[PDB]
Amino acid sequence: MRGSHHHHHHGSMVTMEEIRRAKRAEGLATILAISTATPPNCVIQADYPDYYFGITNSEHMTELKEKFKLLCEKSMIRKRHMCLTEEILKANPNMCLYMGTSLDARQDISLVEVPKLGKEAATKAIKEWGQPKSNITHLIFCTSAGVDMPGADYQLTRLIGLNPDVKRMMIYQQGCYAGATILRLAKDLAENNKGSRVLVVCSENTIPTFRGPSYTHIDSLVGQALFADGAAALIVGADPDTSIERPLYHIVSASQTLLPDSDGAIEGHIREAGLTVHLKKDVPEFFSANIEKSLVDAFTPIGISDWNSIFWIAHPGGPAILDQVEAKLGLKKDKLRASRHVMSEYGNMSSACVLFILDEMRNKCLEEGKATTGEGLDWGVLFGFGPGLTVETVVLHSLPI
C-alpha cells in the first residue's frame, strides 16, 4: 500500500534485503590484538659491511665497499633479523652472486619460512585476543618474499588449524605499502560481515632479495643495507564485545593513490636471479613532495589541518623519506619516534613495519601511562609507501588506555 515506503515486485528481492541487513556489521573496524615475530638470527649493522663483502667474495671492490659502508651508516639501523645465515649462503653460492640463477633455491627456503614466521606472530595475536581460533572467519595474508600455489594463506590456515571455510585473501608482492593495504582490506571485510573476526598476517624476509654487490646496480646496495625479516599479526573486528575484547584502534578510512610523474621510480622483478629491486635516487623527493596531498584528502572530512595534532605511523623503509617529510611539514621531532624506533631495532621488514610500529606505540603509551593508544591524541595517520609510486593512507582513531 501507499505510504513512506517503496515496494518490491518479488519476494525473493525482499529476501535479499533481509539477507543483506543480517550479513553486515554496524561499527567501524577496530584492531583488537597486535603481535610480532623475528627470526632468532640477527646481524649488527655496524659489522655488516665486512660480513657482506666477505660472504659475497667482494673484498677487492674497494670503492663499492666504501659506498655500502656509508649506506649502512646512514641507514639508522642498529640490527636486523634474518632467516638467511652464513651456513645457508655457503650452501647456495649462486645467491651470493649479483645475478646468479637462484630463484629455485630462494623459493625452496622462503616458501616454508614465510608462513612459519607468520604462524609465530599469529599465535601470539590470538593469545592476546583470547578467543578460540574457531571464531576467526577471515584471513588476510601478505607477503612479497615468495609466490606459490596454493599460497601462504593456505599454508597458515593449515598450520594454525583455522576453520576450513575461513575466508582468505592472499596479497602477493605489493611490497612496502602493503601493511597499510591489508588494513584497508580488513576494514571492508570486517565492517561488511557481521561478527567477522579477521586474522591479518604479514611475513617478509630477505631470502629472495639477498645478492652480491655490483657496479651495474648501486641501487641494489641500498636494498642490501635495509631489508630485513619480520612478521606481524592482527585481529580486526567491528562491534567488539568489550567484556572480552579490548579495542586498540579504529580504522576510520583508508585511501590509496598514485603519485603523478613517478612512473618507474621503484621496481621489483621476480626473475631467475630472484627478486631484483631498482630504486631511482628521486624516491624520497617524490614521497615528501606529495604526502601533504594525502593528509589533506584524508583529514579534511575530519576537520584537521595540523599534522602535529595527530599521531603518526609511517613506513620507515627509507630514512630519507621520513626525514624529508618531517622537514617539509615541520613535524615535531618526536612525531616519528615510534616509526624510527622500529627501523633502528629491526630494519626494513617491508609490509610488517607499520604493524610493528602500531604495537610499539600502544605498548609505550600503556607503560608511560599516556591517555590514549595514540600518544594521548585522538586521531592518527598510518602510511604505506611503495611501487607506483603508491601512497596508502589510513586514518586511525585511538582508544583510551
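When you see a residue number, it is the position in the sequence shown, counting from 1.
Enquirer: Taking only the CA atoms, which stretch has the higher mean B-factor in the record, 240-248 or 193-201?
Expert: Looking at the recorded C-alpha B-factors, 240-248 comes out higher on average.
Enquirer: Higher average CA B factor in the deposited record is what I'm after, so tell me if that's 216-224 or 125-133.
Expert: The deposited B-factors put 216-224 ahead on the C-alpha mean.
Enquirer: Using only the C-alpha B-factors in the record, can you name which of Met349, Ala33, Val354, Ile55 has the highest?
Expert: When the deposited C-alpha B-factors of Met349, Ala33, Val354, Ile55 are compared, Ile55 is largest.
Enquirer: Going by the entry, which of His138, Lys119, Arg271, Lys328 has the most elevated CA B factor?
Expert: Comparing C-alpha B-factors across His138, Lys119, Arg271, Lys328, the maximum falls on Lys328.
Enquirer: For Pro319, does the deposited CA B-factor place it in the lowest, middle or highest third of the chain?
Expert: Top third by C-alpha B-factor.
Enquirer: Which third of the chain holds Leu366 when residues are ordered by C-alpha B factor: lowest, middle or highest?
Expert: It falls in the top third of the chain.
Enquirer: Pull the Cα B-factor of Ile44 out of the PDB entry and bin it into the chain's lowest, middle or highest third.
Expert: Highest third, going by the recorded CA B-factors of the chain.
Enquirer: Compare the C-alpha B factor of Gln107 with those of the other modelled residues in its chain, then answer lowest, middle or highest third.
Expert: According to the entry, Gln107 has a C-alpha B-factor in the chain's lowest third.
Enquirer: Please say which third, lowest, middle or highest, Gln256 falls into when its CA temperature factor is compared across its chain.
Expert: CA B-factor rank for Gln256: lowest third.
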